Every structure is written in C-alpha cells, then in structure tokens.
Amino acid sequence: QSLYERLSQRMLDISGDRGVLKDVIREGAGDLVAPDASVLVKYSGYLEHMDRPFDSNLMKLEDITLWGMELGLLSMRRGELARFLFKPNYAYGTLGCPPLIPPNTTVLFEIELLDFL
C-alpha cells in the first residue's frame, strides 16, 4: 500500500514479469521505436520519499541505458507521453545509487517521445 504499489494498479505490463509497467497518458501515432534507434525525449524520474524528480531532462538505445527506460522506449510511438514504473531489477537493483537511490527502489519515469531517427 505504498503509493507506487497503488499506482501500479491496472498499469500495462510490457515486460511480462510486472517489472516494467506502463500508463499511456497521451498517445503518439505511427511506428514504434526501432530496436537500436536514436530517440529524442523529455523525461523525469521520481522516487516516492521525494517531492522533486531525482532526474530531469538525443539518445541511442549503444548508451549505458536504464533497462526499464530502454524497454519502455521500445513500446512507444512518436508524440507519445507515458508514465512507467520500474522495479529494482529493471532500474538500480540491490545496490541503488547511494545516498540518492536506496537499495531495492521502484522508480517512476515519465517519458515523452518527441521523435526518433
């Protein structure tokens, strides 16, 4: 009954294991992002104990990329705005990124896919 647990209610499971959950807030149009494309995005990332994004916004899907973010982008279409929840396996894991991100944190990302080429 954390809020993130509540939000995860009825979200789309793109990964199969509930590790990457998605809510489309505005649909795009046309083709889905290609497996190695270079996307143009605006993103914000959130942790639950915080009231500000922990991180706020071109991107090649060679970059050392957040796994949840990569799988998320692959599900998106141009013009789309979606919110995602990444469980620890798809985010920062057991280690986290101390002291900013604790061990075993589910993070929330809002991503807007402006374009990809």
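Each residue number is its position in the shown sequence, starting from 1.
Enquirer: Please count the deposited residues lying between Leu61 and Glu62 that the model leaves without coordinates, and give the class: none, 1 to 3, 4 to 9, or 10 or more.
Expert: The entry has a short gap there, with 1 to 3 residues left out between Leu61 and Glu62.
Enquirer: With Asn57 and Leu58 adjacent in the shown sequence, let me know how many deposited residues between them lack coordinates: none, 1 to 3, 4 to 9, or 10 or more.
Expert: According to the record, 4 to 9 deposited residues lack coordinates from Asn57 to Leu58.
Enquirer: Quick check: 86-94 versus 32-40, which has the larger average CA B-factor in the record?
Expert: According to the entry, 32-40 carries the higher average C-alpha B-factor.
Enquirer: For the higher mean C-alpha B factor in the entry, choose 62-70 or 22-30.
Expert: Mean B over CA atoms: larger for 62-70.
Enquirer: Compared with the other modelled residues in the chain, in which third is the CA B-factor of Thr105?
Expert: Lowest third of the chain for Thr105's C-alpha B-factor.
Enquirer: Based on the deposited C-alpha B factors for this chain, I'd like to know if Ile111 is in the lowest, middle or highest third.
Expert: Tercile = lowest for this residue's CA B-factor.
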